Amino acid sequence: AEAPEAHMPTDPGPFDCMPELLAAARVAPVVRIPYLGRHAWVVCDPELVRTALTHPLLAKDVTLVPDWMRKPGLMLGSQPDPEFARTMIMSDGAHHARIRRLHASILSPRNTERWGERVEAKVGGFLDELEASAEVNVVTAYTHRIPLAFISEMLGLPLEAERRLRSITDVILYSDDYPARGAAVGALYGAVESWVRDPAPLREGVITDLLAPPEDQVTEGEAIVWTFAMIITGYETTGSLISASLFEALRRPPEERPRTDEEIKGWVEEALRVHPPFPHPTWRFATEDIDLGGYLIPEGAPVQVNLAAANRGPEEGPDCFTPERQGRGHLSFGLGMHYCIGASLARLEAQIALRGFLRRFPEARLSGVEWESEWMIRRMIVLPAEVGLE
Ligand code: HEM
Ligand SMILES: C[C@@H]1O[C@@H](n2c3ccccc3c3c4c(c5c6ccccc6[nH]c5c32)CNC4=O)C[C@@H](N)[C@H]1O
Ligand SMILES: C[C@@H]1O[C@@H](n2c3ccccc3c3c4c(c5c6ccccc6[nH]c5c32)CNC4=O)C[C@@H](N)[C@H]1O
């Protein structure tokens, strides 16, 4: 059986595309959407999504992407030569295992109480910078600054570049102009290469550790590609999870807000389920013809999965935050081989940032909220609040 045709917003703009994406999951478990003049398959039924994420015949190597998707400014049209270096999310099999293993030998000994106390020290400083200022946009004043400040110190980037990097990735991930996206992607690659080949303006951190001393040798090219990947993924979605968690707390009476360590952990989990920063993740390609739920996915087919629809049943709807659910059964970090490597980091930062704000402004309220989203990324750009007093 062939998958029927539905419609998702493919270009980013100032709207919340959530009702359009959940409406396309109602078409069929597998659907075909118009994308870049051709079509793309998407899995929408939750269990069918969970099997697609693990499918042995759905690969992600850059040798499989057809030419009509390799457009400059987009991820698939921005990869390097796979023989020189591959990014972790776009490798398969033993290639992926080596890249993932080398990334996990970084920063030994990794103690999360150390990671967290530094997350806490930065959350306090931005809460103070906030208190040093009646409506407040907590997105631009809090949720944006925290994950950026940590990943820069963790990577060891020079403090001068931190103010400029937010504006570069903003274009790569949310602009609707392809030339601007092609320029911002090249600007990041050219800056990363300058830092790796000449590590003088860098602080000791992750990057200098990859350029250090048998079988765990990281080439200069892999150091650049992996650093680029970690700048693209290292803070943007973490800030979207922080703001999304705060939105659901600020909109409720202070009594219904989490206070315990357990309720804060369950709160950030339910925010991941309801507001996936990646409503659809990265691309996969059928190495053989596949049937999923009676629907055909032909060979070489580009396939995506509806994480926003897999996180909900047929009953929920776009606004379905339930503190009792605690995000049980969400697929927002992926599953299996390519499960998010920075999931523990994004959780601990979301948990610390959400608790830090609620302990500092116990009488905060929302009192509008604007989104920026496409079918593959979703974020709040203002969350206007009224903070009250400490
Ligand atoms: C809450 C924020 C985050 C979300 C929602 C998120 C989501 C995801 C998802 C869905 C994937 C899998 C994509 C797929 O299978 O198609 C993924 C993979 C990945 N994420 Fe995250 N992520 C987050 C935070 C981070 C952070 C902070 C880092 C880096 C520190 C990071 C680095 C990665 C990497 C490297 C991969 C690729 C893993 C692999 O293929 O082996 N992510 N992320
Ligand atoms: C990932 C890509 O990197 C950019 N790129 C340059 C950007 C600026 C200057 C030179 C290149 C350059 C070169 C080459 C490749 C290449 C070979 C195989 C597969 C992908 C490749 N990409 C190459 C590439 C080979 N010899 C070169 O000089 C283009 C951009 N469309 C983006 O898709
Ligand atoms: C707008 C969002 O980001 C876009 N994106 C690029 C857009 C342009 C150039 C490079 C990338 C790029 C890269 C990577 C990821 C990635 C890794 C894990 C999970 C999600 C990810 N998204 C990545 C990504 C890793 N290394 C990269 O170069 C793709 C788009 N589908 C959407 O996810």
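Derivation of every value follows stated rules applied to the coordinates shown; laboratory data play no part. Note that we place each Cβ from the backbone using ideal geometry, even for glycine, and neighbour counts take in every protein chain shown.
Consider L64 carefully, then state whether it is in a helix (DSSP H, G or I) and crowded, with 17+ Cβ neighbours inside 10 Å.
no
Out of all the residues in segment 29-54, which are part of a loop (DSSP other than H, G, I, E, B) and under 12 Å from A309 (Cα atoms)?
Result: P29, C44, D45.
Sort out which residues of segment 1-24 are part of a loop (DSSP other than H, G, I, E, B) and either under 19 Å from the mean Cα position of the chain (by Cα) or within 20 Å of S175 (Cβ to Cβ) (or both), and write them in order of number. Give the steps one after another, and end with the answer.
To start, the set of residues in segment 1-24 that are part of a loop (DSSP other than H, G, I, E, B) comprises 1-4, 6-12, 14-17.
Passing the criteria: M8, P9, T10, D11, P12, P14, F15, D16, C17.
Considering only residues of segment 62-107 that are out of contact with any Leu (no Cβ under 9 Å at 6 or more places or on another chain) and among the β-branched types (V, I, T), which is farthest from ligand 3 (Cβ to nearest atom)?
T63
Give the number of residues within segment 102-143 that are within 18 Å of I341 (Cα to Cα), of a type in the set (S, T, N, Q) and surrounded by 16 or more Cβ atoms within 10 Å (Cβ to Cβ).
Residues in segment 102-143 being within 18 Å of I341 (Cα to Cα), of a type in the set (S, T, N, Q) and surrounded by 16 or more Cβ atoms within 10 Å (Cβ to Cβ): 0 in total.
Out of (1) closer than 21 Å to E374 by Cβ; (2) within 18 Å of the chain's Cα centre (by Cα), the odd one out for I151 is which?
All conditions are met except number (1).
Just give me the residues in segment 124-149 being farther than 15 Å from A385 by Cβ and of a type in the set (A, V, I, L, M, F, W, C), in sequence order.
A132, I146, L148, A149
Which one of these is hydroxyl-bearing (S, T, Y) and either more than 18 Å from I381 (Cα to Cα) or within 16 Å of ligand 2 (Cβ to nearest atom) (or both): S245, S194?
Exactly one residue qualifies, and that residue is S194.
Would you please list the contacts, defined by Cβ atoms under 6 Å and residues six or more apart or on different chains, that run from a residue in segment 272-300 that is of a type in the set (F, W, Y) to a residue that is within 16 Å of ligand 3 (Cβ to nearest atom) and part of a loop (DSSP other than H, G, I, E, B)?
Note: pairs meeting the criteria are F285/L64.
Quick grid of which residues meet (1) surrounded by fewer than 20 Cβ atoms within 10 Å (Cβ to Cβ); (2) in contact with an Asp or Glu (Cβ under 9 Å, 6 or more places away or on another chain); (3) within 20 Å of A141 (Cα to Cα):
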site: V305; (1), (2), (3): no, no, no
site: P318; (1), (2), (3): yes, yes, no
site: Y339; (1), (2), (3): yes, no, no
site: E349; (1), (2), (3): no, no, yes
site: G368; (1), (2), (3): yes, no, yes
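Got a number for residues in segment 285-318 being under 20 Å from the mean Cα position of the chain (by Cα), part of a loop (DSSP other than H, G, I, E, B) and more than 12 Å from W41 (Cα to Cα)?
3
Do you know which of the residues in segment 328-374 that are among the polar types (S, T, N, Q) and not in a helix (DSSP H, G or I) is nearest to the chain's Cα centre (by Cα)? Give the derivation first.
Pass one, segment 328-374, residues among the polar types (S, T, N, Q): 332, 344, 351, 367, 373.
Next, from what is left, pick out any that are not in a helix (DSSP H, G or I): 332, 367, 373.
Working: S332: 9, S367: 28, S373: 13 Å.
For segment 328-374, the residue satisfying everything is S332.
For segment 67-105: of the residues being part of a loop (DSSP other than H, G, I, E, B) and of a type in the set (G, A, S), which is farthest from ligand 1 (Cβ to nearest atom)?
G73
Restricting to segment 66-93, and then to whatever is more than 10 Å from ligand 2 (Cβ to nearest atom) and under 12 Å from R284 (Cα atoms), can you tell me which residue is farthest from the chain's Cα centre (by Cα)?
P66
Determine whether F333 is surrounded by fewer than 22 Cβ atoms within 10 Å (Cβ to Cβ), of a type in the set (A, V, I, L, M, F, W, C), closer than 29 Å to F15 by Cβ and in contact with a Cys (Cβ under 9 Å, 6 or more places away or on another chain).
For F333, the condition - surrounded by fewer than 22 Cβ atoms within 10 Å (Cβ to Cβ), of a type in the set (A, V, I, L, M, F, W, C), closer than 29 Å to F15 by Cβ and in contact with a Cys (Cβ under 9 Å, 6 or more places away or on another chain) - is met.
Inside segment 215-242, can you point out the residues that are under 16 Å from the mean Cα position of the chain (by Cα) and within 16 Å of ligand 2 (Cβ to nearest atom)?
Within segment 215-242, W226, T227, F228, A229, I231, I232 qualify.
Looking only at residues in segment 278-295 that are surrounded by fewer than 16 Cβ atoms within 10 Å (Cβ to Cβ) and of a type outside the set (D, E, K, R), which one is farthest from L173 (Cα to Cα)?
Out of the qualifying residues, it is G294.
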